[PDB]
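One file, structure.cif, carrying mmCIF, C-alpha atoms:
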```
data_coords
#
loop_
_atom_site.label_atom_id
_atom_site.label_comp_id
_atom_site.auth_asym_id
_atom_site.auth_seq_id
_atom_site.Cartn_x
_atom_site.Cartn_y
_atom_site.Cartn_z
CA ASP A 1296 -66.69 -20.13 -72.24
CA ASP A 1297 -66.14 -16.34 -72.29
CA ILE A 1298 -63.80 -14.93 -69.64
CA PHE A 1299 -65.82 -11.73 -70.26
CA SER B 273 -23.00 -0.58 -99.59
CA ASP B 274 -23.75 2.00 -96.84
CA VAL B 275 -27.12 3.76 -96.94
CA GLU B 276 -28.92 6.55 -95.12
CA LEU B 277 -31.44 6.11 -92.31
CA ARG B 278 -33.53 8.82 -90.66
CA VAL B 279 -34.87 8.07 -87.15
CA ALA B 280 -37.17 10.29 -85.06
CA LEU B 281 -36.14 11.01 -81.47
CA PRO B 282 -38.42 11.65 -78.47
CA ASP B 283 -37.66 15.41 -78.43
CA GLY B 284 -39.27 15.72 -81.86
CA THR B 285 -35.96 15.93 -83.73
CA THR B 286 -34.51 13.37 -86.11
CA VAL B 287 -31.06 11.91 -86.52
CA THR B 288 -29.56 10.56 -89.73
CA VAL B 289 -27.14 7.58 -89.65
CA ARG B 290 -25.07 5.87 -92.36
CA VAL B 291 -25.36 2.09 -92.00
CA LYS B 292 -24.79 -1.06 -93.99
CA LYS B 293 -27.88 -1.92 -96.03
CA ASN B 294 -28.44 -5.26 -94.26
CA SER B 295 -27.98 -3.95 -90.69
CA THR B 296 -30.37 -5.51 -88.21
CA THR B 297 -32.34 -3.55 -85.65
CA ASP B 298 -29.73 -3.84 -82.88
CA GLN B 299 -26.93 -2.69 -85.19
CA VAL B 300 -28.97 0.35 -86.28
CA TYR B 301 -29.94 0.98 -82.67
CA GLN B 302 -26.31 1.04 -81.47
CA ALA B 303 -25.31 3.36 -84.31
CA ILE B 304 -28.11 5.76 -83.26
CA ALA B 305 -27.33 5.54 -79.53
CA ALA B 306 -23.69 6.45 -80.15
CA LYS B 307 -24.67 9.35 -82.45
CA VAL B 308 -27.08 10.95 -79.95
CA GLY B 309 -24.71 10.50 -77.01
CA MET B 310 -26.24 7.73 -74.95
CA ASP B 311 -23.82 6.14 -72.51
CA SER B 312 -23.48 2.51 -71.44
CA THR B 313 -26.22 2.90 -68.80
CA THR B 314 -28.75 4.94 -70.81
CA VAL B 315 -28.56 2.80 -73.98
CA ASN B 316 -30.36 -0.03 -72.19
CA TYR B 317 -33.48 2.06 -71.71
CA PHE B 318 -34.52 2.74 -75.30
CA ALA B 319 -35.24 0.82 -78.50
CA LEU B 320 -36.24 1.11 -82.15
CA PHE B 321 -39.95 1.26 -83.01
CA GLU B 322 -42.00 1.56 -86.20
CA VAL B 323 -44.84 4.10 -86.32
CA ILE B 324 -47.90 2.06 -87.30
CA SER B 325 -50.51 4.78 -86.86
CA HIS B 326 -51.11 7.97 -84.95
CA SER B 327 -52.02 5.92 -81.87
CA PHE B 328 -49.65 2.92 -82.08
CA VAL B 329 -45.95 2.18 -82.51
CA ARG B 330 -44.59 -1.34 -82.57
CA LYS B 331 -41.20 -2.50 -81.37
CA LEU B 332 -38.84 -3.78 -84.04
CA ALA B 333 -37.89 -7.43 -83.48
CA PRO B 334 -34.18 -8.33 -83.49
CA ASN B 335 -34.32 -10.08 -86.92
CA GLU B 336 -35.80 -7.12 -88.80
CA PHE B 337 -33.91 -4.83 -91.20
CA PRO B 338 -34.78 -1.22 -90.36
CA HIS B 339 -33.62 0.02 -93.76
CA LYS B 340 -36.23 -2.21 -95.41
CA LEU B 341 -38.99 -0.75 -93.22
CA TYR B 342 -37.71 2.78 -93.85
CA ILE B 343 -37.71 2.56 -97.68
CA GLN B 344 -41.04 0.74 -97.68
CA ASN B 345 -42.80 3.60 -95.80
CA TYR B 346 -40.83 6.46 -97.38
CA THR B 347 -42.28 9.35 -99.37
CA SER B 348 -41.14 12.74 -100.59
CA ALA B 349 -43.66 14.21 -98.12
CA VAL B 350 -44.24 12.15 -94.90
CA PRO B 351 -43.35 14.16 -91.73
CA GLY B 352 -39.96 12.48 -91.33
CA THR B 353 -39.77 8.73 -91.00
CA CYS B 354 -41.50 5.63 -89.66
CA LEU B 355 -38.60 4.71 -87.37
CA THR B 356 -38.54 6.17 -83.89
CA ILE B 357 -36.58 5.85 -80.64
CA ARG B 358 -38.74 5.21 -77.60
CA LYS B 359 -38.28 4.12 -74.02
CA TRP B 360 -38.38 0.33 -73.44
CA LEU B 361 -38.94 -0.10 -69.71
CA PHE B 362 -41.78 -1.28 -67.51
CA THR B 363 -40.35 -0.67 -63.98
CA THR B 364 -40.69 3.03 -63.13
CA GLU B 365 -38.17 2.93 -60.24
CA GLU B 366 -35.33 2.11 -62.63
CA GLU B 367 -35.96 5.36 -64.47
CA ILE B 368 -36.16 7.37 -61.24
CA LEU B 369 -32.54 6.30 -60.73
CA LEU B 370 -31.79 8.27 -63.94
CA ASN B 371 -33.14 11.62 -62.75
CA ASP B 372 -29.52 12.89 -62.78
CA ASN B 373 -28.83 12.01 -66.46
CA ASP B 374 -29.71 14.96 -68.68
CA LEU B 375 -30.19 12.91 -71.85
CA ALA B 376 -32.42 10.28 -70.25
CA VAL B 377 -34.57 12.87 -68.44
CA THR B 378 -34.99 14.91 -71.61
CA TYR B 379 -36.05 11.85 -73.61
CA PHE B 380 -38.29 10.54 -70.84
CA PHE B 381 -39.85 14.00 -70.48
CA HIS B 382 -40.64 14.58 -74.16
CA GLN B 383 -42.08 11.14 -74.65
CA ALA B 384 -44.22 11.52 -71.53
CA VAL B 385 -45.66 14.84 -72.73
CA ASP B 386 -46.64 13.24 -76.03
CA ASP B 387 -48.01 10.20 -74.21
CA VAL B 388 -50.25 12.56 -72.18
CA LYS B 389 -51.45 14.34 -75.35
CA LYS B 390 -52.34 10.98 -76.91
CA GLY B 391 -54.33 9.73 -73.87
CA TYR B 392 -52.02 6.91 -72.74
CA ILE B 393 -51.41 8.46 -69.34
CA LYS B 394 -54.59 9.43 -67.49
CA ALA B 395 -53.36 12.68 -65.99
CA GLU B 396 -56.57 14.73 -66.35
CA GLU B 397 -57.29 15.38 -62.68
CA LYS B 398 -53.88 17.10 -62.31
CA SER B 399 -53.70 18.46 -65.85
CA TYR B 400 -53.26 22.07 -64.68
CA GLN B 401 -50.46 21.36 -62.17
CA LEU B 402 -48.55 19.27 -64.73
CA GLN B 403 -49.03 22.03 -67.32
CA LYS B 404 -47.36 24.62 -65.09
CA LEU B 405 -44.40 22.27 -64.49
CA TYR B 406 -44.28 21.70 -68.25
CA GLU B 407 -44.32 25.47 -68.89
CA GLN B 408 -41.45 26.02 -66.45
CA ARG B 409 -39.52 23.06 -67.98
CA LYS B 410 -39.19 21.45 -64.55
CA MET B 411 -38.56 18.13 -66.23
CA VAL B 412 -37.75 15.90 -63.25
CA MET B 413 -40.60 17.35 -61.19
CA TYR B 414 -43.03 16.86 -64.08
CA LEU B 415 -41.90 13.22 -64.47
CA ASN B 416 -41.92 12.53 -60.72
CA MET B 417 -45.58 13.63 -60.67
CA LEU B 418 -46.54 11.86 -63.92
CA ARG B 419 -45.02 8.52 -62.85
CA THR B 420 -47.76 8.31 -60.18
CA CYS B 421 -50.60 8.39 -62.82
CA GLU B 422 -52.52 5.50 -64.38
CA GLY B 423 -51.02 4.24 -67.57
CA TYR B 424 -47.42 5.32 -67.01
CA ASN B 425 -45.19 2.62 -68.58
CA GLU B 426 -48.21 0.69 -69.94
CA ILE B 427 -48.17 -0.65 -73.52
CA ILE B 428 -51.62 -0.42 -75.17
CA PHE B 429 -52.32 -2.51 -78.26
CA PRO B 430 -54.94 -1.78 -80.94
CA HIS B 431 -58.27 -3.55 -80.47
CA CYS B 432 -58.50 -7.01 -81.98
CA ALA B 433 -60.43 -10.29 -81.86
CA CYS B 434 -60.09 -12.77 -78.99
CA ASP B 435 -61.14 -16.43 -78.99
CA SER B 436 -62.46 -16.10 -75.42
CA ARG B 437 -65.11 -13.51 -76.34
CA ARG B 438 -68.24 -14.55 -78.18
CA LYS B 439 -68.83 -11.08 -79.69
CA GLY B 440 -66.56 -8.06 -79.55
CA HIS B 441 -62.88 -7.25 -79.29
CA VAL B 442 -60.26 -6.69 -76.59
CA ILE B 443 -57.72 -3.93 -76.05
CA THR B 444 -54.75 -5.38 -74.23
CA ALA B 445 -52.69 -3.36 -71.78
CA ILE B 446 -49.34 -4.66 -70.55
CA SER B 447 -47.64 -3.22 -67.49
CA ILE B 448 -45.32 -4.39 -64.73
CA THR B 449 -48.26 -4.69 -62.36
CA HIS B 450 -50.54 -6.95 -64.46
CA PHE B 451 -51.77 -7.94 -67.93
CA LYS B 452 -55.15 -6.29 -68.62
CA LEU B 453 -57.80 -6.96 -71.26
CA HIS B 454 -60.38 -4.21 -71.83
CA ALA B 455 -63.62 -5.26 -73.52
CA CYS B 456 -64.71 -3.18 -76.51
CA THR B 457 -66.88 -3.48 -79.60
CA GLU B 458 -65.71 -4.75 -82.98
CA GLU B 459 -65.35 -1.03 -83.81
CA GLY B 460 -63.10 -0.29 -80.83
CA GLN B 461 -65.62 1.50 -78.60
CA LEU B 462 -64.86 0.70 -74.96
CA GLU B 463 -67.54 -1.37 -73.31
CA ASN B 464 -67.04 -1.26 -69.55
CA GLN B 465 -65.42 -4.52 -68.41
CA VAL B 466 -61.75 -5.19 -67.58
CA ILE B 467 -59.96 -8.47 -66.77
CA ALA B 468 -56.64 -8.10 -64.92
CA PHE B 469 -54.38 -11.17 -64.91
CA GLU B 470 -51.55 -11.25 -62.39
CA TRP B 471 -48.16 -12.15 -63.85
CA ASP B 472 -47.90 -14.89 -61.19
CA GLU B 473 -50.94 -16.56 -62.81
CA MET B 474 -49.16 -16.77 -66.20
CA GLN B 475 -48.18 -20.39 -66.94
CA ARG B 476 -46.83 -20.21 -70.48
CA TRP B 477 -47.20 -18.12 -73.59
CA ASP B 478 -46.46 -18.46 -77.27
CA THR B 479 -47.16 -17.15 -80.74
CA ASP B 480 -48.98 -18.65 -83.72
CA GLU B 481 -47.46 -17.21 -86.90
CA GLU B 482 -49.89 -19.05 -89.19
CA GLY B 483 -52.99 -18.03 -87.22
CA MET B 484 -51.68 -14.49 -86.46
CA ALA B 485 -52.22 -14.98 -82.74
CA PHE B 486 -50.57 -14.40 -79.41
CA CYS B 487 -51.43 -17.12 -76.86
CA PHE B 488 -51.17 -17.28 -73.08
CA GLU B 489 -52.16 -20.00 -70.63
CA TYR B 490 -53.26 -18.80 -67.21
CA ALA B 491 -54.24 -20.63 -64.02
CA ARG B 492 -56.68 -18.59 -61.91
CA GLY B 493 -57.97 -19.15 -58.38
CA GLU B 494 -58.23 -22.93 -58.42
CA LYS B 495 -59.36 -23.89 -61.93
CA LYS B 496 -57.46 -25.82 -64.59
CA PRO B 497 -54.92 -23.90 -66.73
CA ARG B 498 -56.59 -22.47 -69.83
CA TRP B 499 -55.30 -20.97 -73.11
CA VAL B 500 -56.49 -17.59 -74.42
CA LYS B 501 -55.80 -16.56 -78.02
CA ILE B 502 -55.52 -12.88 -78.96
CA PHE B 503 -55.63 -12.39 -82.74
CA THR B 504 -53.36 -9.43 -83.00
CA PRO B 505 -51.10 -8.75 -86.02
CA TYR B 506 -48.48 -7.73 -83.39
CA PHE B 507 -48.10 -11.13 -81.75
CA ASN B 508 -44.29 -10.91 -81.79
CA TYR B 509 -44.29 -7.53 -80.02
CA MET B 510 -46.77 -8.89 -77.47
CA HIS B 511 -44.52 -11.91 -76.95
CA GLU B 512 -41.52 -9.61 -76.45
CA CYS B 513 -43.55 -7.73 -73.82
CA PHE B 514 -44.12 -10.89 -71.76
CA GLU B 515 -40.44 -11.80 -71.99
CA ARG B 516 -39.46 -8.31 -70.90
CA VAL B 517 -41.93 -8.14 -68.01
CA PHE B 518 -40.71 -11.39 -66.40
CA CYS B 519 -37.12 -10.24 -66.87
CA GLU B 520 -37.87 -6.95 -65.04
CA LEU B 521 -39.80 -8.84 -62.34
CA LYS B 522 -36.89 -11.20 -61.58
CA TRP B 523 -34.45 -8.30 -61.20
CA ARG B 524 -36.81 -6.09 -59.22
CA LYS B 525 -34.63 -4.44 -56.58
CA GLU B 526 -37.30 -2.60 -54.58
CA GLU B 527 -40.19 -3.46 -52.27
CA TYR B 528 -42.12 -0.42 -53.51
#
```

Rendering of file as structure tokens:
Amino acid sequence: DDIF
Amino acid sequence: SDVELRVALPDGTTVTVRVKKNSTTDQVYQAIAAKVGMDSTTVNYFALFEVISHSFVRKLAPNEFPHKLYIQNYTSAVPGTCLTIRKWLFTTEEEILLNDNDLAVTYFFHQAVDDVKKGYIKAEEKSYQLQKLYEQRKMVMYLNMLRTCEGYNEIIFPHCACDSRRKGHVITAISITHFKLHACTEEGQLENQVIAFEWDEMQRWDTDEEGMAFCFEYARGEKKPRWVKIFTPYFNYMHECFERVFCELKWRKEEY
């Protein structure tokens, strides 16, 4: 999910 | 009807203009530019902004009425006005071409000094050498040095939620070189991670008025294009920044  | 408008200028002074009540931002802007003596070249380098907070000013969109914003934020006290003239330019070489225009240099210089004070331009390691150029009012030399620092001609937005983070916020930073998201807490304390999207990776972008979001779809490395939603109240300003960056990129006239 998260690009971070 | 004709009403009064006060606008702050980069050198810390203000100008007062008479304008029609229902003037839009570009009409007010042209009235101001004529009054302060901008010429046909220099006028393209500045724009009208609203002071949101001590650390953020937002560009007025073309369909706004600056008199409305002025009256709405007006008090008998208030140090001046919420309208201000600021530089609107991402490519630093274009402003180097203006080192021989006294008005431009003065405005560029005063805004840069304030942008150093506020932390936007990371000039700490040469703080002393800039300070002595500042003291001697060597404006072009000060700017020529400062333009080589991190954060020159970068727009920093207040921290806000992002649909591509499970917990925490992002601070977005827009410059000619790339679009950067800095991770931070829901309070705005910088974590320590930074994503840097190249403008070439940008596929499309858009706003969501209902959802109060700015959206961009990027294609990285080899994966499928993906949409990221930034929940900022300044989605129209962010959208204007994208439009402006691609315009400056197309007309880039320098290899360096």

Tell me as JSON, numbers by chain which residues belonging to chain B come within 12 Å of chain A, counting all atoms listed in the file. {"B": [434, 435, 436, 437, 438, 439, 440, 441, 442, 453, 454, 455, 456, 463, 464, 465, 466, 467, 468, 469, 490, 492, 498, 499, 500, 501]}

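For the pair atom CA of residue B:350 and atom CA of residue B:407, the separation is 29.2 Å.
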
Using the chain letters and numbers from the file, give me the residues hit by the PyMOL selection byres ((chain B and resi 420) around 12), as a VMD selection string. chain B and resid 364 to 365 368 393 to 395 398 402 413 to 419 421 to 425

Atom pair atom CA of residue B:496 + atom CA of residue B:473, distance 11.5 Å

Reconstruct N, CA and C atoms of chain A from the incomplete input and present them as a short mmCIF file (atom, residue, chain, number, x, y, z; two decimals), in the frame of the given file.
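Writing the result to part.cif gives the following:
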```cif
data_model
loop_
_atom_site.label_atom_id
_atom_site.label_comp_id
_atom_site.auth_asym_id
_atom_site.auth_seq_id
_atom_site.Cartn_x
_atom_site.Cartn_y
_atom_site.Cartn_z
N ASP A 1296 -67.66 -20.43 -71.20
CA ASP A 1296 -66.69 -20.13 -72.24
C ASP A 1296 -65.96 -18.82 -71.93
N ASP A 1297 -66.50 -17.74 -72.51
CA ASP A 1297 -66.14 -16.34 -72.29
C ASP A 1297 -65.56 -16.03 -70.91
N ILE A 1298 -64.32 -15.52 -70.88
CA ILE A 1298 -63.80 -14.93 -69.64
C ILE A 1298 -64.41 -13.55 -69.40
N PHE A 1299 -65.16 -13.03 -70.37
CA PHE A 1299 -65.82 -11.73 -70.26
C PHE A 1299 -67.33 -11.90 -70.08
#
```
